[PDB]
Amino acid sequence: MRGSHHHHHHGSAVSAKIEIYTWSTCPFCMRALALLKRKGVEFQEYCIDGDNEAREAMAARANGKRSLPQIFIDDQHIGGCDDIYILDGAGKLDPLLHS
């Protein structure tokens, strides 16, 4: 297959799984989104506007928390908008996304 291929035993190529639960018009959710979008990372947004079930699903994963947003990286619970910004401020976010 013609091209410049990288070898290092990746086998099956997968990248970090990045997830965010949101309300579309939540100013905190929007701030969190801006941040990831700024990084250029690939992520999945679970926009649960008016969805009671999904909030419950969320809470199950988010340590009982129903506040928004809720962020996850490689199935690790990161937390809310606050949390991710603190991580970025400390130089800790990029190693997770990761680089």
# chains A, B, ... in the order shown; residues from 1 in each chain; ligands from 1

$ select_by_dssp --residues "chain A" --states "helix (DSSP H, G or I)" --output "PyMOL selection string"
chain A and resi 27-39+52-61+81-89+94-97

$ write_last_selection --atoms "N, CA and C atoms" --output "short mmCIF file (atom, residue, chain, number, x, y, z; two decimals), in the first residue's frame"
data_model
loop_
_atom_site.label_atom_id
_atom_site.label_comp_id
_atom_site.auth_asym_id
_atom_site.auth_seq_id
_atom_site.Cartn_x
_atom_site.Cartn_y
_atom_site.Cartn_z
N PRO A 27 -24.15 27.02 28.81
CA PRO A 27 -22.96 27.86 28.62
C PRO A 27 -21.72 27.16 29.08
N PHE A 28 -21.84 26.29 30.07
CA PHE A 28 -20.74 25.48 30.53
C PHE A 28 -20.40 24.36 29.52
N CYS A 29 -21.43 23.70 29.02
CA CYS A 29 -21.26 22.72 27.99
C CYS A 29 -20.61 23.38 26.76
N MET A 30 -21.05 24.56 26.38
CA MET A 30 -20.49 25.23 25.24
C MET A 30 -19.02 25.57 25.44
N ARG A 31 -18.65 26.08 26.60
CA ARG A 31 -17.27 26.31 26.92
C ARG A 31 -16.38 25.05 26.83
N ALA A 32 -16.87 23.93 27.33
CA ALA A 32 -16.13 22.70 27.26
C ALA A 32 -15.94 22.28 25.81
N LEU A 33 -16.99 22.38 25.02
CA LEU A 33 -16.94 22.05 23.60
C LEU A 33 -15.91 22.87 22.82
N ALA A 34 -15.94 24.19 23.03
CA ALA A 34 -14.98 25.08 22.46
C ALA A 34 -13.60 24.58 22.73
N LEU A 35 -13.33 24.20 23.95
CA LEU A 35 -12.00 23.79 24.30
C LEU A 35 -11.51 22.56 23.50
N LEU A 36 -12.29 21.50 23.48
CA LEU A 36 -11.94 20.34 22.71
C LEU A 36 -11.86 20.65 21.20
N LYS A 37 -12.77 21.45 20.70
CA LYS A 37 -12.80 21.74 19.31
C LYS A 37 -11.51 22.49 18.94
N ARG A 38 -11.08 23.38 19.81
CA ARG A 38 -9.81 24.08 19.70
C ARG A 38 -8.58 23.19 19.64
N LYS A 39 -8.54 22.14 20.45
CA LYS A 39 -7.55 21.11 20.33
C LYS A 39 -7.52 20.34 18.98
N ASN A 52 -34.43 12.66 29.82
CA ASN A 52 -34.35 12.22 31.21
C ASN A 52 -33.60 10.90 31.39
N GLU A 53 -33.84 9.97 30.47
CA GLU A 53 -33.20 8.65 30.50
C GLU A 53 -31.72 8.73 30.34
N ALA A 54 -31.30 9.54 29.38
CA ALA A 54 -29.90 9.67 29.09
C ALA A 54 -29.18 10.36 30.26
N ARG A 55 -29.87 11.26 30.93
CA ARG A 55 -29.28 11.90 32.08
C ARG A 55 -29.02 10.83 33.18
N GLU A 56 -29.95 9.91 33.31
CA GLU A 56 -29.84 8.88 34.28
C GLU A 56 -28.66 7.97 33.88
N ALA A 57 -28.59 7.62 32.61
CA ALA A 57 -27.50 6.84 32.06
C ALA A 57 -26.20 7.57 32.38
N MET A 58 -26.18 8.85 32.10
CA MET A 58 -25.01 9.64 32.39
C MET A 58 -24.59 9.54 33.79
N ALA A 59 -25.52 9.74 34.68
CA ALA A 59 -25.27 9.76 36.11
C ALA A 59 -24.67 8.48 36.61
N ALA A 60 -25.08 7.40 36.02
CA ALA A 60 -24.59 6.10 36.35
C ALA A 60 -23.06 5.98 36.17
N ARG A 61 -22.57 6.61 35.12
CA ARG A 61 -21.17 6.68 34.79
C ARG A 61 -20.41 7.82 35.52
N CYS A 81 -16.90 21.18 33.06
CA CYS A 81 -16.18 22.21 32.34
C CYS A 81 -15.02 22.76 33.14
N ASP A 82 -15.30 23.08 34.38
CA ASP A 82 -14.34 23.44 35.40
C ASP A 82 -13.12 22.54 35.38
N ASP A 83 -13.40 21.26 35.52
CA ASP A 83 -12.41 20.26 35.68
C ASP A 83 -11.46 20.18 34.51
N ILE A 84 -11.98 20.31 33.34
CA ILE A 84 -11.18 20.13 32.17
C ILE A 84 -10.29 21.33 31.95
N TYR A 85 -10.82 22.50 32.22
CA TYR A 85 -10.04 23.72 32.18
C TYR A 85 -8.92 23.74 33.20
N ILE A 86 -9.15 23.30 34.41
CA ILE A 86 -8.06 23.13 35.36
C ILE A 86 -6.94 22.18 34.90
N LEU A 87 -7.34 21.05 34.37
CA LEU A 87 -6.46 20.14 33.77
C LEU A 87 -5.64 20.82 32.66
N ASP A 88 -6.25 21.57 31.78
CA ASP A 88 -5.54 22.26 30.72
C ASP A 88 -4.57 23.35 31.22
N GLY A 89 -5.00 24.07 32.22
CA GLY A 89 -4.19 25.05 32.91
C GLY A 89 -2.96 24.48 33.57
N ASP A 94 -3.45 17.70 27.58
CA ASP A 94 -2.90 17.24 26.34
C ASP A 94 -2.37 15.80 26.46
N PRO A 95 -1.63 15.43 27.50
CA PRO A 95 -1.21 14.05 27.65
C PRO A 95 -2.37 13.09 27.65
N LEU A 96 -3.59 13.53 27.85
CA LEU A 96 -4.72 12.63 27.85
C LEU A 96 -5.37 12.44 26.53
N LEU A 97 -5.38 13.48 25.71
CA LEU A 97 -6.07 13.50 24.42
C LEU A 97 -5.54 12.66 23.22
#

$ atom_distance --atom1 "atom CA of residue A:16" --atom2 "atom CA of residue A:74"
5.7 Å

$ closest_residue --among "A:67, A:77, A:93, A:10" --to "residue A:26" --atoms "only C-alpha atoms"
A:67

$ residues_around --residues "residue A:75" --least-positions-apart "4" --cutoff "12 Å" --atoms "only C-alpha atoms" --output "ChimeraX atom specification"
/A:16-20,61-62,70-71,79,96

$ atom_distance --atom1 "atom CA of residue A:63" --atom2 "atom CA of residue A:44"
19.7 Å

$ closest_residue --among "A:47, A:92, A:42, A:65" --to "residue A:25" --atoms "only C-alpha atoms"
A:47

$ select_by_dssp --residues "stretch 11-97 of chain A" --states "strand (DSSP E or B)" --output "ChimeraX atom specification"
/A:18-22,44-47,70-73,76-79

$ write_last_selection --atoms "N, CA and C atoms" --output "mmCIF file, in the first residue's frame"
data_model
loop_
_atom_site.group_PDB
_atom_site.id
_atom_site.type_symbol
_atom_site.label_atom_id
_atom_site.label_comp_id
_atom_site.auth_asym_id
_atom_site.auth_seq_id
_atom_site.Cartn_x
_atom_site.Cartn_y
_atom_site.Cartn_z
ATOM 1 N N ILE A 18 -13.069 9.878 23.439
ATOM 2 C CA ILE A 18 -13.388 11.113 24.129
ATOM 3 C C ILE A 18 -14.859 11.337 24.018
ATOM 4 N N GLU A 19 -15.509 11.526 25.138
ATOM 5 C CA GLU A 19 -16.937 11.651 25.236
ATOM 6 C C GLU A 19 -17.320 12.873 26.103
ATOM 7 N N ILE A 20 -18.362 13.570 25.698
ATOM 8 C CA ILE A 20 -18.956 14.646 26.454
ATOM 9 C C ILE A 20 -20.471 14.628 26.420
ATOM 10 N N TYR A 21 -21.092 14.617 27.593
ATOM 11 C CA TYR A 21 -22.541 14.734 27.733
ATOM 12 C C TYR A 21 -22.881 16.255 27.865
ATOM 13 N N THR A 22 -23.841 16.708 27.089
ATOM 14 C CA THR A 22 -24.215 18.133 27.006
ATOM 15 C C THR A 22 -25.712 18.433 26.932
ATOM 16 N N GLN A 44 -16.971 12.522 20.577
ATOM 17 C CA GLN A 44 -18.344 12.194 20.544
ATOM 18 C C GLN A 44 -19.169 13.013 21.569
ATOM 19 N N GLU A 45 -20.133 13.758 21.104
ATOM 20 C CA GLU A 45 -21.021 14.566 21.967
ATOM 21 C C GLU A 45 -22.376 13.910 22.112
ATOM 22 N N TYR A 46 -22.725 13.597 23.315
ATOM 23 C CA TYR A 46 -24.018 13.058 23.631
ATOM 24 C C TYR A 46 -24.863 14.243 24.099
ATOM 25 N N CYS A 47 -25.441 14.910 23.134
ATOM 26 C CA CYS A 47 -26.456 15.957 23.355
ATOM 27 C C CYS A 47 -27.980 15.524 23.815
ATOM 28 N N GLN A 70 -20.529 16.470 31.402
ATOM 29 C CA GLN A 70 -19.695 15.428 31.956
ATOM 30 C C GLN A 70 -18.750 14.864 30.830
ATOM 31 N N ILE A 71 -17.475 14.859 31.136
ATOM 32 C CA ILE A 71 -16.477 14.469 30.217
ATOM 33 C C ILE A 71 -15.762 13.157 30.603
ATOM 34 N N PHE A 72 -15.443 12.350 29.620
ATOM 35 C CA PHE A 72 -14.731 11.091 29.758
ATOM 36 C C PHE A 72 -13.658 10.907 28.664
ATOM 37 N N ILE A 73 -12.489 10.510 29.074
ATOM 38 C CA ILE A 73 -11.354 10.186 28.219
ATOM 39 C C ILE A 73 -10.814 8.784 28.562
ATOM 40 N N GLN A 76 -12.224 7.027 31.469
ATOM 41 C CA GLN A 76 -11.984 7.746 32.708
ATOM 42 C C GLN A 76 -12.899 8.977 32.898
ATOM 43 N N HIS A 77 -13.516 9.102 34.056
ATOM 44 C CA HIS A 77 -14.353 10.225 34.361
ATOM 45 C C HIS A 77 -13.514 11.486 34.618
ATOM 46 N N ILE A 78 -13.542 12.437 33.730
ATOM 47 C CA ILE A 78 -12.817 13.682 33.880
ATOM 48 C C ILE A 78 -13.565 14.726 34.725
ATOM 49 N N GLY A 79 -14.866 14.767 34.566
ATOM 50 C CA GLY A 79 -15.720 15.736 35.203
ATOM 51 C C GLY A 79 -16.321 16.824 34.297
#

$ atom_distance --atom1 "atom CA of residue A:24" --atom2 "atom CA of residue A:49"
6.7 Å
